[PDB]
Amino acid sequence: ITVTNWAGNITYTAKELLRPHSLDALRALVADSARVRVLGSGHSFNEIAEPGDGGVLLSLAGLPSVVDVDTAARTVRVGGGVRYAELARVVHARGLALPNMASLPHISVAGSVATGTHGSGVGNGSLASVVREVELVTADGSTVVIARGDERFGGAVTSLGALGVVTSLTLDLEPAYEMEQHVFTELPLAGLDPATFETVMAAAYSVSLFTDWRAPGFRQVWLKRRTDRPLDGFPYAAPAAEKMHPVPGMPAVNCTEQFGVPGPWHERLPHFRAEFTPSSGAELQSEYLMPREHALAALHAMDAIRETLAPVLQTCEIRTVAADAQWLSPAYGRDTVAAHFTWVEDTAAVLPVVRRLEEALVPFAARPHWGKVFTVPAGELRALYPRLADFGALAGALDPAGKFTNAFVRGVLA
């Protein structure tokens, strides 16, 4: 069989996707394989999941999708291969909630936290940030549990799958909450000064800007507001008259409910409703995560090259992330602005533009999203992460032979 990622721009070398049906099978398979990479739901856009020729590509799809809510402790134990859509549905039905979700819920929890996946909100950490414990099947088949408080915990959650197979994760939860989603159109870049930009991004619990980099300024602003919090007037852009899709010209029916209609957290945090279940997408993605104080300068750098960006762009999404404790989180150690690009699926045309964008963002210490397309050289990458050395030492300790290190990870650490 031919295995690809979700977008289909990456075809893996493996002629079979190993899907052990028991933990006993899994441990034995790992112990007996020379090199392993796990495939989650394939929502990466590069060779991060590629095991190389003769490497084993393994999935947790054949294992039970455990979602075990502890309502007294407000925690949930989840299989690595569980996706957020089922996780959310389950914890919500128990009166509890996550503090954030990605744009689309049909992604593996283990895969998501492995690369620094995040939503938006100035006080909201990455998805990895609620993880209090990870259970790993290590290179020899044995289980290692690492929990918050361990000196190694900082490299254990966002690990690029390079420590071993995450078989379970435990996550902290809060009481279930309701949210409204208010959409606005045409937020000008002109006059968007440091103070106004801060106001706009803090205007609701989670806020995204979208643009096509065509007409100056921003096409859409999405305020995802918690109904248990104040919402002030938003004078900066016009309220949307119709239901919007972040990509101009795409079906708004796919999207979560707008016009300020209250609904549960897990039906408002994603941009796409649970019913929207694409088996592939005709897109590429890149994303660059920078110190939040550089947001306006970075936005102005994009604006000044927007004729270059636009022709290969579906939409650009601007978000915020609170500083991450995970050593390889692109949000590590600093409050962060994120600039994401959903490109047309045309690798040959997009790569030149990616290199050009990267050159423009270089002075802003832009860290690329590990799951997305980037061309930043390995040496520059290492210079961007203060605690990368400590990650490398943790991987060496837990995986001395580099069973879980592929070409992608090797380049990173080199």
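Residue positions are given as counts along the sequence shown, with the first one as 1.
Note on 198-206 vs 100-108: mean CA B-factor is higher in 198-206. When the C-alpha B-factors of 297-305 and 228-236 are averaged, 228-236 comes out higher. Set against one another, the Cα B-factors of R319, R89, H118, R334 in the record reach their highest point at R89. Set against one another, the Cα B-factors of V66, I48, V353, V373 in the record reach their highest point at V66. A25: CA B factor in the middle third of modelled residues in this chain (values from the PDB entry). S44: CA B factor in the lowest third of modelled residues in this chain (values from the PDB entry).
Per-chain ranking of the deposited C-alpha B factor places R382 in the highest third.
The entry lists a Cα temperature factor for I10 that places it in the lowest third of the chain's modelled residues.
In the deposited entry, the Cα temperature factor of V38 places it in the lowest third of its chain's modelled residues.
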